[PDB]
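Protein chains in written order, with this note's numbering: chain A, 4 to 123; chain B, 524 to 1053; chain C, 9 to 57; chain D, 99 to 203; chain E, 99 to 203.
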Amino acid sequence: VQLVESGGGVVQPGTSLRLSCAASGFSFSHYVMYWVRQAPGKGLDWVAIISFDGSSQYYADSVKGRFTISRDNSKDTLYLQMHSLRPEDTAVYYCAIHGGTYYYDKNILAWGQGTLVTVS
Amino acid sequence: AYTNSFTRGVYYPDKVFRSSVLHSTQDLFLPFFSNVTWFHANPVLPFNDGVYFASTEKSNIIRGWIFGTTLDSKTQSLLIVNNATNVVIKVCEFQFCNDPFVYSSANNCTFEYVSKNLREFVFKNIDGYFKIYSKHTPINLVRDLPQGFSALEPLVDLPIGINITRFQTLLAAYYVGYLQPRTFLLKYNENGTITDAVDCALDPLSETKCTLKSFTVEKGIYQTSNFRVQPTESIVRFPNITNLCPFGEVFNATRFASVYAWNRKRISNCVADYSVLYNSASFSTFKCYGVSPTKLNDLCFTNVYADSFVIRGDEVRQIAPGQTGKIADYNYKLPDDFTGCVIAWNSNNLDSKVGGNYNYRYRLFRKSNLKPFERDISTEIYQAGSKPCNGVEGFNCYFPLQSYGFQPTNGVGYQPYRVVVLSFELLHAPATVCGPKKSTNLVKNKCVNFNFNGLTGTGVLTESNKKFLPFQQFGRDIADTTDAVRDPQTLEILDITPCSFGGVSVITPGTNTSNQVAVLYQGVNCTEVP
Amino acid sequence: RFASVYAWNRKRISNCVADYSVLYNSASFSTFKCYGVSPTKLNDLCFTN
Amino acid sequence: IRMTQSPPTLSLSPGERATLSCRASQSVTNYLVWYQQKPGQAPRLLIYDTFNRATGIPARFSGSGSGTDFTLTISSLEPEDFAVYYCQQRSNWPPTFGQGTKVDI
Amino acid sequence: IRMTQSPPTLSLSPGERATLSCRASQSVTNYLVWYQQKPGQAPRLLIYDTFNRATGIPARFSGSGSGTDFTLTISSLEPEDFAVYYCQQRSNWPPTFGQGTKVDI
Ligand SMILES: *[C@@H]1O[C@H](CO)[C@@H](O[C@@H]2O[C@H](CO)[C@@H](O)[C@H](O)[C@H]2NC(C)=O)[C@H](O)[C@H]1NC(C)=O
Ligand SMILES: *[C@@H]1O[C@H](CO)[C@@H](O[C@@H]2O[C@H](CO)[C@@H](O)[C@H](O)[C@H]2NC(C)=O)[C@H](O)[C@H]1NC(C)=O
Ligand SMILES: *[C@@H]1O[C@H](CO)[C@@H](O)[C@H](O)[C@H]1NC(C)=O
Ligand SMILES: *[C@@H]1O[C@H](CO)[C@@H](O)[C@H](O)[C@H]1NC(C)=O
Ligand SMILES: *[C@@H]1O[C@H](CO)[C@@H](O)[C@H](O)[C@H]1NC(C)=O
Ligand SMILES: *[C@@H]1O[C@H](CO)[C@@H](O)[C@H](O)[C@H]1NC(C)=O
Ligand SMILES: *[C@@H]1O[C@H](CO)[C@@H](O)[C@H](O)[C@H]1NC(C)=O
Ligand SMILES: *[C@@H]1O[C@H](CO)[C@@H](O)[C@H](O)[C@H]1NC(C)=O
Ligand SMILES: *[C@@H]1O[C@H](CO)[C@@H](O)[C@H](O)[C@H]1NC(C)=O
């Protein structure tokens, strides 16, 4: 399995940024993915979830309404679409896999390697 | 080293006298010209069926044997000893030195007794009696096995009961033969002693002497035995497999059903695999009740039924024969004599939706329990008590089928589980679903043991040229013996010739001329003799 | 001493002259029950084991 | 449903054994996974589902515990395996990571 | 010679089948009789002598068993047949009735 994330940099408090997560190896459909942030000097905490097609997206606190996660298995990637941001969620971001949809899905887990976003 | 006996290890099979009577016997003997171990001077040997045992010296280095199964405590053994005084038979539980030449324990004794040269012994153990024959001949050598004939006379008889599997020796040159069931021809003197013998399974001359019951055969030709080719293995042809029997409409469906109206599907002519379903290692509950999960891959059935639905997590235990609760009292009752397997797995990633997925209802109220393996879709009102409501609401009336709420943000035990229940039955259907089987291809031109979908037989199979009318299963021969078959799979006719068999005759110029012999295998093709 | 019943002892008989009337007439026995034979014929029938 | 790791920083030498405890607010069964995050790396996962560790993790890492109390044990790691550790659940949505426990000397 | 009925109260719905066991202190053969006593009625007899029921008792009532262990079976009674049951012997003097087994839902 492999996961490659992109869309980091420096922004202003009130812009947008394409947070994209590309997957290969394992089949990207039949599999539940999500994101997780970490502010540098803290622990770990999650962002948003998507359920193998867009029918059900759950959100976390204080990110509901600025964050529209979407997947599309006809081009096998994942998006957060950070939009109209704050100057306090400068962090690192990881796309990870929750796992499993059917009985034959052999649940394995994997993580990315981080995408850094900073504000002004 | 190993050495060759010549004619050694003959004992009087019993009491009784006899004068000049070529007495034929069947017993345990040491075959003539055998392969006898050689020992110098010792280790633990086997017993397995009697023992011949010779020894040579002028001093006395061989000082008895020790017998038994373990040669220690925890089981009983015999001990036969001789110091410079005299013999000491003994039967206790011992503790034997692994290299003994004294012991170290004498517990629970159940039998006691106290009181160059060639010294032969035959030891045997039948029906709790331990028999010992012996003979003491004087050699004119010191320590090599000589040649000659000398019959061994019975010495002892011990009603012990002891089991024996091993034995040893005791020291202060010896051989060890073993005994097999043979047939001999003993020549008795006029005083009643055995002076000569014939082993009747050595060569053709000896088999002739045994057939005639004599020691001198006159010229002629004698039928002595039979040959019969031997068959190996045993094919088991069978008509084209059949199917693969998919259950993708059981497990791999697009949606299961609700538990108040559980779906069902029977199985017909199939080849149903069961090991490949079990080893996927993702199943919450795989519980087989009347059968073990390892025997399916081999037992035919007569009908298989699959039920399938969705229930919550804290009621998967309710799908078991003899539970209680809203899923087993009146939604899905299992009978007590069940024999199938309950399979269930968590499905929180298909049948779950944020905001809820309310397709999956269940009865929560019923007049009473619903026997096994029926259902009810009688969606009506529910009535509470002594009031007549009968289809109103509000004042304790109801609709007794409540939906489930399945969101992923709900703890386990309150999550959707997909349940598949398998049930079997076996009464008298002669050809129904069986698991992945395997026999072996067919062979030709070899005496074989065959089974053609029921026809069991033996013989050589050969390509035929008899036009079996499209509807004739096999070939019938006058006097009614099967002589042709049709292969179910490829549908070709094959003749079934019989496996060779025939008499064996021995041609001899007479023992007063020569001991050479020729052998006739009667009407046997000379390429299949051995 | 006798043995316990889980491991009962046993003993066979070989060439002998076995008396049986003198065992019976001691008149101290709780149970003397002969099943396949009468207690008066032993003193005369040979056996094999 | 919130995780917690109650033992704080420890000072176990390169040797000896370490035992780390993770609770849960309600009943979670065979659904935890352990992560070992160095200073400034990606959090590498350790243990599938309370009992079997993944590939590339040695035998001295062991994971056990049940009910609502779970435990990771280092038998005799080595002279480097000092980082922060996290316990995560995959029971429902979403996977909470808890607090974390450092180790020092 | 004392009877006993060891299964206690049961909660079998109007459907399903029920199986009730009666022992004996010694050997009794084909000598038992079954009684079904409602709340506050006369105990109505069921089965002659371990095998044949009397008149006015349907076929779903069956009685079997032998040796010292006897059994009454309800195949699929109805929505009322819930009472106490008794097993009695007529071997010698006098007829002991045992303990009794209720059924509920
Ligand atoms: C039974 O099945 C076998 C295959 O399992 C059939 O063999 C085929 O025979 C045809 C001849 O018409 C060949 O062209 C195919 O290549 C064969 N298949 C294989 C896999 O070898 C056989 O014909 C079947 N029996 C009958 C009576 O049709
Ligand atoms: C359900 O569907 C899956 C996928 O369609 C089946 O799994 C496949 O089984 C075949 C035959 O054994 C294999 O060649 C494939 O590699 C399997 N794929 C996967 C992803 O496992 C599964 O057997 C089906 N189960 C049932 C009961 O129909
Ligand atoms: C006895 O059998 C052994 C087994 O290998 C063999 O080596 C030896 O030659 C045999 N001796 C005789 C005399 O046939
Ligand atoms: C010979 O050995 C037996 C074995 O117990 C022993 O009883 C006997 O006393 C020995 N002979 C002498 C003279 O001690
Ligand atoms: C055999 O000996 C052992 C140990 O001395 C003893 O426990 C056992 O009881 C003995 N056997 C009998 C039948 O008494
Ligand atoms: C001898 O060993 C066998 C082992 O197969 C056992 O079955 C048998 O009972 C033993 N002999 C006696 C007399 O118990
Ligand atoms: C024994 O046999 C020999 C020769 O067969 C005979 O001469 C003798 O009389 C027999 N009887 C004896 C030696 O007592
Ligand atoms: C048989 O043997 C005797 C003596 O050994 C001999 O005189 C005779 O010629 C033999 N008979 C034949 C047919 O060889
Ligand atoms: C024995 O079999 C071979 C092989 O088929 C054959 O050539 C030969 O003719 C057969 N023997 C006779 C007597 O026909």
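For each residue, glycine too, the CB sits at the ideal point set by N, CA and C.
*My guess is that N663(B) and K581(B) are in contact by the Cβ rule of under 8 Å, so how many angstroms apart are they, rounded?*
With 8 Å as the limit, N663(B) and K581(B) do not qualify as a contact, their Cβ atoms being about 12 Å apart.
*asked:* Below 8 Å, how does it come out for the segment 826-838 of chain B and the segment 930-943 of chain B: are there three or more Cβ pairs, yes or no?
replied: Yes, the segment 826-838 of chain B touches the segment 930-943 of chain B.
_DSSP three-state label for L108(E), please._
In the structure shown, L108(E) adopts extended strand secondary structure according to DSSP, grouped into three states.
*Would you say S59(A) reaches chain B, if we count a Cβ-Cβ gap shorter than 8 Å as a contact?*
yes
*Spatial neighbours of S125(E) in its chain, beta-carbon cut-off 8 Å, leaving aside the 5 residues before and after*: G165 and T166
*If we cut at 8 Å on Cβ distances, does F774(B) have a partner in chain A?*
yes
_Pair within 8 Å by beta-carbon distance, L144(E) and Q135(E)_ = no
*Note down, in chain order, each residue of its chain lying with its Cβ closer than 7 Å to the Cβ of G113(E), except the 5 sequence neighbours on either side.*
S174
*Any chance the CB of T1034(B) is under 7 Å from a heavy atom of ligand 8?*
no
*Report buried or exposed for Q599(B), applying the criterion of at least 16 other Cβ atoms within 10 angstroms of its Cβ.*
The residue is buried, with at least 16 neighbouring Cβ atoms inside 10 Å.
_Is any non-hydrogen atom of ligand 4 found closer than 7 Å to the C-beta of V611(B), if you look at the structure I gave you?_
yes
*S22(C) touches chain B at which residues, Cβ-Cβ below 8 Å?*
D680 and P682
*If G1026(B) and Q746(B) are in contact, beta carbons under 8 Å, what's the gap, nearest whole angstrom?*
5 Å
*asked:* Contact criterion: CB-CB distance below 8 Å. Does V877(B) meet it with respect to chain A?
replied: yes
*asked:* Taking the beta carbon of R74(A) as the centre, do at least 16 other beta carbons fall within 10 Å, making it buried, or is it exposed?
replied: buried
*Could you name each continuous alpha helix (DSSP H) segment of 4 residues or more that falls completely within the segment 732-813 of chain B, going from the start of the chain to the end?*
Here the runs fully enclosed are 798-801.
*Using only alpha-carbon positions, find the residue among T979(B), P536(B) and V559(B) that is nearest to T548(B).*
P536(B)
*Between the Cα of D147(D) and those of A116(D), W132(D), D179(D) and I99(D), spot the shortest distance and give me the residue it belongs to.*
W132(D)
*Using a beta-carbon distance cut-off of less than 7 Å, what residues from the segment 188-203 of chain D approach chain F?*
In the displayed structure, chain F is absent; the protein chains listed are A, B, C, D and E.
_Residues near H86(A) by beta carbon distance below 6 Å, same chain, minus five either side_ = So the qualifying residues of the chain are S19 and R69.
*8 Å Cβ cutoff, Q134(D) in contact with chain B*: no
*Would you mind telling me which residues of chain E sit closer than 8 Å to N631(B), beta carbon to beta carbon, in chain order?*
Result: empty, since nearest Cβ-Cβ is about 43 Å, beyond 8 Å.
*Name the residues in the segment 115-140 of chain D whose C-beta lies less than 7 Å from a C-beta of chain A; which are they?*
Within the segment 115-140 of chain D, the residues whose Cβ lies closer than 7 Å to some Cβ of chain A are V131 and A140, listed in chain order.
*asked:* The beta strand (DSSP E) that contains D550(B), what's its start and end?
replied: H546 to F552
*Whose C-alpha, out of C768(B), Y711(B), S673(B) and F619(B), is nearest the C-alpha of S542(B)?*
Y711(B)
*What residues in its chain sit with their C-beta under 7 Å from that of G1046(B), if we drop five residues either side in the sequence?*
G1025
*asked:* According to DSSP, is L641(B) part of a helix, a strand, or is it coil?
replied: In the structure shown, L641(B) sits in a strand (DSSP, three-state: E or B).
*Closer than 7 Å: is that where the CB of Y525(B) sits relative to any heavy atom of ligand 3?*
yes
*Using three-state DSSP, classify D56(A) as helix, strand or coil.*
coil
*For the segment 102-116 of chain E, enumerate the residues whose C-beta is nearer than 9 Å to any C-beta of chain B, in chain order.*
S109, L110, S111, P112, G113, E114 and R115
*Give me the Cα-Cα distance between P177(E) and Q139(E), rounded to the nearest whole angstrom.*
18 Å
*Any beta-carbon of chain A closer than 8 Å to the one on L144(D)?*
With 8 Å as the cut-off, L144(D) does not count as an interface residue toward chain A.
*Is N583(B) near ligand 4, with its Cβ less than 7 Å from a heavy atom?*
False, no ligand heavy atom lies under 7 Å from that Cβ.
*If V182(E) sits next to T199(E), beta carbons under 8 Å apart, how far is it from one beta carbon to the other, in whole angstroms?*
7 Å
*Who pairs with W132(D) in a beta bridge, going by DSSP?*
Answer is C185(D).
*8 Å Cβ shell around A952(B) - same chain, five flanking residues per side excluded*: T825 and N826
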